[PDB]
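Nothing in this text is a laboratory measurement; each read-out follows from the coordinates by a stated rule. Note that each Cβ is placed from the backbone with ideal geometry, even for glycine, and that neighbours are counted across all protein chains shown.
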Amino acid sequence: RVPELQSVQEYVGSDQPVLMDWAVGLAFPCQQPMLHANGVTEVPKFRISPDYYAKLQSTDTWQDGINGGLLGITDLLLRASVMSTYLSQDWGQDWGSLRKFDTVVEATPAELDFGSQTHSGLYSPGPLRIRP
Amino acid sequence: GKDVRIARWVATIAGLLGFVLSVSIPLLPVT
Amino acid sequence: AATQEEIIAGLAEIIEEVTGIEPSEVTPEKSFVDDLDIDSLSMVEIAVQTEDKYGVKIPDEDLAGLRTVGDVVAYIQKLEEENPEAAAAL
Amino acid sequence: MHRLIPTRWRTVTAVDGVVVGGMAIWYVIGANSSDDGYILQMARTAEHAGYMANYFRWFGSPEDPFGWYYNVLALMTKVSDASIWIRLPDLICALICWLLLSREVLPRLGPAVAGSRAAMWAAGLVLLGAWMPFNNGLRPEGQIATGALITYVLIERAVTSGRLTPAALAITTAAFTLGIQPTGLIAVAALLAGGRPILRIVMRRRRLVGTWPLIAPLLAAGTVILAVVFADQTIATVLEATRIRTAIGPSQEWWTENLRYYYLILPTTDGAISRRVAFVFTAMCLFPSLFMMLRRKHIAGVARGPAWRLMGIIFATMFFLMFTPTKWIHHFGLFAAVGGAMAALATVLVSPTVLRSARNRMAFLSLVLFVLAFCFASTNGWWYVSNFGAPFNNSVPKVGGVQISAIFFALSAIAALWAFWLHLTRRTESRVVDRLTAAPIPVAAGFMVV
Amino acid sequence: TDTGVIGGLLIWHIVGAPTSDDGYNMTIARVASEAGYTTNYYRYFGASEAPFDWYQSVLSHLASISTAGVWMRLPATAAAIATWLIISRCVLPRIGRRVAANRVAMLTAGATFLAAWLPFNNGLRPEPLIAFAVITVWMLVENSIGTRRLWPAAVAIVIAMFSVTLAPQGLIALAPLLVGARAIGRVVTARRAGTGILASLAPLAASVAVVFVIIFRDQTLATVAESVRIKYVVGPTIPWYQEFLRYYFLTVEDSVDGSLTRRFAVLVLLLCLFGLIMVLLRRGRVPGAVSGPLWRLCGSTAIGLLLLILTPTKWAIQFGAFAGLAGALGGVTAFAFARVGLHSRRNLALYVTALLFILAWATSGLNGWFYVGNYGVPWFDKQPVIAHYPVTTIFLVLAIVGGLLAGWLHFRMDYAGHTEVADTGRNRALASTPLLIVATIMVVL
Ligand SMILES: CC(C)(COP(=O)(O)O)[C@@H](O)C(=O)NCCC(=O)NCCS
Ligand SMILES: CC[C@@H](CO)NCCN[C@@H](CC)CO
């Protein structure tokens, strides 16, 4: 196969939300992260990761669904698929990997009715759900 | 009538209340 | 009146505590900045530790006019011979 | 005060240009830390989120008391988030540490440390070698090192002038640099090391004004970071997030301290050729200097107090490095300034005018070659993208067949045999040892920097 | 003290856990009769134990009388008894006459010897013999330096060459020779006018030339070379720069290899060594003990610890070769600190808080011994607790309290002035019982 290629800054713009692992942050300063507000998070479209031996044992275990993480949502909501990527002029080098997120069912965001309440610095509604 | 007698009070007052006000910040209503 | 060889012997034990210069270098013809490299930020400490042992307040009005050890011994001599109120009670 | 910029500041040497211009270009072409993307993503979302959350882990729980420094990067990211702009407080801090280390700490150790050029070269080169591989990213180690240096400088100024105001600002500085990260406990070591000459001031000035006018400001100064730590958060949410982080995240109880040194002796990317200098060039200069200050008590150019307080601070830092919830190697960047200040004292202590016998200087040369051999026994890899194009990025260096650590080990063995031969025959006036043992630490540090 | 040590060392011969290498050496001894040579049974393609097999040759002759473990471990108890008798009657009366007459120094020496010997040397390993060779070379070098003669220094080299051939870690027996080489040369040069320098250095090389008879008594050179090559290209070895891996193996959580007893045995040795060195540097001497042999006793331990970098294997059980030096160092340390802590109230607090921190670090491990020696041991799977609190934190808070007390005592020599404490029958009673109390507690445990 003689592939036809395209840049990442051009394919992935600077508007779509992207799930970047905690290692790839300074190499991609133009992509927009997956913001969150009021306890609800956005839905990402791509996932950027480091190379194989780093992603396998440092970032896939740190951001795990069972210890908070961020890969607990995208395994329940989306499906990931690898894409073919090459580092220009330095073939044979492992730069990382890019992935594509496909929805399982077609759904649109909610509306989240709001309100306010004044606590007293010692109030606690109860513990969080951590482990079984 | 000497300013050392005034500084001696300005150092104890506003140095004790500035310390009892800092331990109450973690305990104060928030919205 | 305090002898010169005890004034110098009392100043050397402070110079050796502040900076670390051996008391065999403190002679009455040594400058405080050229021969003995003692910046004035150490002269302030010497003038503080002087008062903290023998009550003597050397004001910064006069702490600049001391360029040699002879100047120090002359200053101490003149101030102790002028004022007869030298307690010298430990 | 009769002026600012005292007359011992206004001096220029050849070490200042080297350090400044070797840091201002490592800021451009040099490597970065590992937790740079982690902090960048934490800071780029903290304004939409509203509470400076931990983005990647722990169910969206914030930085519990340790978050006042990231709120500055959250403000910086409004201009731009380029790698060359978001990393300025790591160059400003480096310049400040060099200024302080060169014009406040070295002249304080006596007229023999501030009169030798080899000591200045050693201090500069060790500062560079300890700053390069650790404090060029976004991890807040350079800031904590600068805070712990400012605290020491202020306490020494209080001891010198005989006042309590610098000793009062030092408490606020230590509190604020502790409020950055849990590893900021290295700053109260500077307060413990200087407690005796501050009690000597309090108990002396309290017989003129009293006790409370001197104690209450010292309490208001210490208890003021609570108004910055608990500005947005609350004690209940802090307790909840701490419960989460303790029940889930790496806890690393205090008796697991040896992991930090077990990770250093492995031939991996975490512990590499460049990531061992910051610790070896500190221990190798700290221990023999301690054993030499124990026996000798008059070195004719060194002040005893300021020289003992530095070793006390270094040992208290090595002690306080326990009790931290995480045992990483990145926590070795805290020694950037104290190792540079200890190398300048070791260079004077092991000089041919202080160590007068040839066999002791030969043994120290052997030890230097041994620690060099230990340094060069790993790979030359950097973390994520600084590793692109490195010479020996995934293998132990070799000059052809034989490694480079083996050559240094052979040289060290030869030096040890020479020292033993000088020991047997009771010789103290060798002449080529005088040539070989003049400032070995500056050379061994410049080698690693180059 | 001799009765107590020998009793506690004879009742440990029966109710005592064996080591990890007691089934290995026993099988090697049982199968080496046939096969023509001392084969490595479980590894290395049938390679031989070529340089290090003079002890298996003796174990192969003992194993032909009875294979009972109470009879095969008999050469490892005579070594312990001889080591203790030497430490008690040749070493302590040599350092000083007043250090051996002290009734607390001897007790703490015995307790420290027991506490450093029991967790390590109760098997078919060569460490019980290396620990005896070290302390029998030290006394011979001391007998040669004083009472000027050369044949003791010639028998010491033969004993050291026998020790080097036991195991790679057995080269630490050369340390008491390297440390005393200068005094032995001073003794040699006093004969240049009478006899010469050849008639005094030829018999000293004839002693070093015994390893070539010990090693190559059954095999050739090209066979030992092939054995070493196989063991280096096959087996697990670690380089010289990963030497801290030993001290990491000693202090690791959830391991029956670093226990709360081995940790104590090693940390007390390190404390005693680095306290004696600091007292000898700070103060010019230790009054009551001769400072001549004391410097050599400290240098022997230092050089022995430094020589352990060249060994190929760096397990944590190899620290059992210092059980002869630990017993002689604990007594002299408790004697030297008895005066340093009697005329100053803060040195005593520093000593006590150092002991308490050592206890806190040691007690954070399990109390396991091995495969079978764990049946019934109380804390063999969890770290010790009293009722529900971890006992590794009580000691830490007590050590921090002691450190604060020492700091407070340091902050008062400017106001209360230098105060003479006392010298009575009680003020000398609490200044020397530390390191005896905790050692007795560990031995009883
Ligand atoms: C201490 C002293 C009176 C004497 O110093 P000098 O004689 O060298 O000018 C003078 O230098 C001074 O007042 N310095 C205060 C300025 C200072 O310490 N730092 C300036 C900002 S860091
Ligand atoms: C396994 C990754 C580790 C560093 O190696 N992450 C460290 C966590 N970083 C902290 C911020 C610097 C979190 O608040």
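When each of D:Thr353, D:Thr324, D:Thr347 is tested for being assigned to a loop (DSSP other than H, G, I, E, B), in contact with a helix residue (DSSP H, G or I) (Cβ under 6 Å, 6 or more places away or on another chain) and among the polar types (S, T, N, Q), the lone residue that passes is D:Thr324. Scanning segment A:23-33 for residues that are more than 8 Å from chain D (Cβ to nearest Cβ) and either within 16 Å of ligand 2 (Cβ to nearest atom) or over 20 Å from D:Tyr384 (Cβ atoms) (or both) gives a single hit, A:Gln32. Quick check on my filter: what residues within segment A:95-122 are surrounded by 13 or more Cβ atoms within 10 Å (Cβ to Cβ), of a type outside the set (A, V, I, L, M, F, W, C) and not in a strand (DSSP E or B)? Scanning segment A:95-122 gives A:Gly96, A:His119, A:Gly121. A Cβ distance below 8 Å, combined with a sequence gap of six or more or placement on separate chains, defines the contacts here; from segment B:1-15, residues that are free of Cβ contacts under 8 Å to residues at least 12 places away in the same chain reach residues that are assigned to a loop (DSSP other than H, G, I, E, B) in the pairs B:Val4/D:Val209; B:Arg8/D:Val209; B:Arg8/D:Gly210.
Taking the listed residues C:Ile76, C:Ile8, C:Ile21, the one that is out of contact with any strand residue (DSSP E or B) (no Cβ under 6 Å at 6 or more places or on another chain), surrounded by 15 or more Cβ atoms within 10 Å (Cβ to Cβ), within 14 Å of another protein chain (Cβ to nearest Cβ) and not aromatic (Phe, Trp, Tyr) is C:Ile21, with no other qualifying. No other residue among D:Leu345, D:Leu286 is under 16 Å from the mean Cα position of the chain (by Cα), more than 30 Å from D:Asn387 (Cβ to Cβ), surrounded by 21 or more Cβ atoms within 10 Å (Cβ to Cβ) and within 13 Å of another protein chain (Cβ to nearest Cβ) apart from D:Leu345.
The residues in segment E:338-353 that are among the small types (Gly, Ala, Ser) and out of contact with any helix residue (DSSP H, G or I) (no Cβ under 6 Å at 6 or more places or on another chain) can be counted, and the count is 2. Could you tell me whether A:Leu19 is within 11 Å of chain D (Cβ to nearest Cβ), surrounded by 17 or more Cβ atoms within 10 Å (Cβ to Cβ), in contact (Cβ under 8 Å) with a residue 12 or more places away in the chain and not in a loop (DSSP other than H, G, I, E, B)? Taking the combined requirement at face value, the residue satisfies it. Scanning segment D:210-239 for residues that are more than 7 Å from every other protein chain (Cβ to nearest Cβ) and either of a type in the set (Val, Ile, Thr) or assigned to a helix (DSSP H, G or I) (or both) gives D:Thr211, D:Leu214, D:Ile215, D:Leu218, D:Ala221, D:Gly222, D:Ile225, D:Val228, D:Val229, D:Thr237, D:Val238, D:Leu239. Restricting E:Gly110, E:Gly36, E:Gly4, E:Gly8 to residues that are in a loop (DSSP other than H, G, I, E, B) and small (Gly, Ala, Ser) narrows the list to E:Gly36.
Checking the stated criteria, D:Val72 turns out not to satisfy the condition of being among the hydrophobic types (A, V, I, L, M, F, W, C), more than 16 Å from ligand 1 (Cβ to nearest atom) and over 25 Å from D:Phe176 (Cα atoms). Considered as a group, the residues in segment C:24-58 that are of a type in the set (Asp, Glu) and under 15 Å from D:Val159 (Cα atoms) include one that is farthest from the other protein chains (Cβ to nearest Cβ), and that residue is C:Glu51. Pairs are defined by a Cβ separation below 9 Å, a sequence spacing of at least 6 or placement on different chains, a first member in segment D:1-23 that is surrounded by fewer than 10 Cβ atoms within 10 Å (Cβ to Cβ), and a second member that is part of a loop (DSSP other than H, G, I, E, B); the pairs so defined are D:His2/C:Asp60; D:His2/C:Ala64.
Quick check on D:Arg57: is it facing another protein chain (nearest Cβ under 8 Å), more than 16 Å from ligand 1 (Cβ to nearest atom) and basic (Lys, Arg)? Answer is yes for this residue. Could you tell me how many of the residues in segment A:1-22 are away from ligand 2 (no atom under 16 Å from the Cβ), acidic (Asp, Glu) and within 25 Å of A:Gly72 (Cα to Cα)? Qualifying residue count, segment A:1-22: 1. With the structure loaded, tell me whether D:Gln143 is within 14 Å of chain B (Cβ to nearest Cβ), within 16 Å of ligand 2 (Cβ to nearest atom), buried (at least 19 other Cβ atoms within 10 Å of the Cβ) and closer than 27 Å to A:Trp22 by Cα or whether it fails that test. Answer is no for this residue.
Selection of segment E:7-26 for residues being surrounded by fewer than 16 Cβ atoms within 10 Å (Cβ to Cβ) and in contact (Cβ under 8 Å) with a residue 40 or more places away in the chain yields E:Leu10, E:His13, E:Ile14, E:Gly16, E:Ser20. Considering the conditions (1) within 16 Å of ligand 2 (Cβ to nearest atom); (2) in contact (Cβ under 8 Å) with a residue 60 or more places away in the chain; (3) within 12 Å of another protein chain (Cβ to nearest Cβ), D:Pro62 is excluded by exactly one of them, (3). Residues that are within 10 Å of ligand 2 (Cβ to nearest atom), more than 7 Å from chain A (Cβ to nearest Cβ) and either among the hydroxyl-bearing types (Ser, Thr, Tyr) or touching a strand residue (DSSP E or B) at 6+ places or on another chain (Cβ under 6 Å) (or both) do occur in segment D:33-46, at least one of them. The set of residues in segment C:20-56 that are within 16 Å of ligand 1 (Cβ to nearest atom) and either in contact with a helix residue (DSSP H, G or I) (Cβ under 6 Å, 6 or more places away or on another chain) or assigned to a loop (DSSP other than H, G, I, E, B) (or both) comprises C:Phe32, C:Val33, C:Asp34, C:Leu36, C:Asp37, C:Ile38, C:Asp39, C:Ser42, C:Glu45, C:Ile46, C:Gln49.
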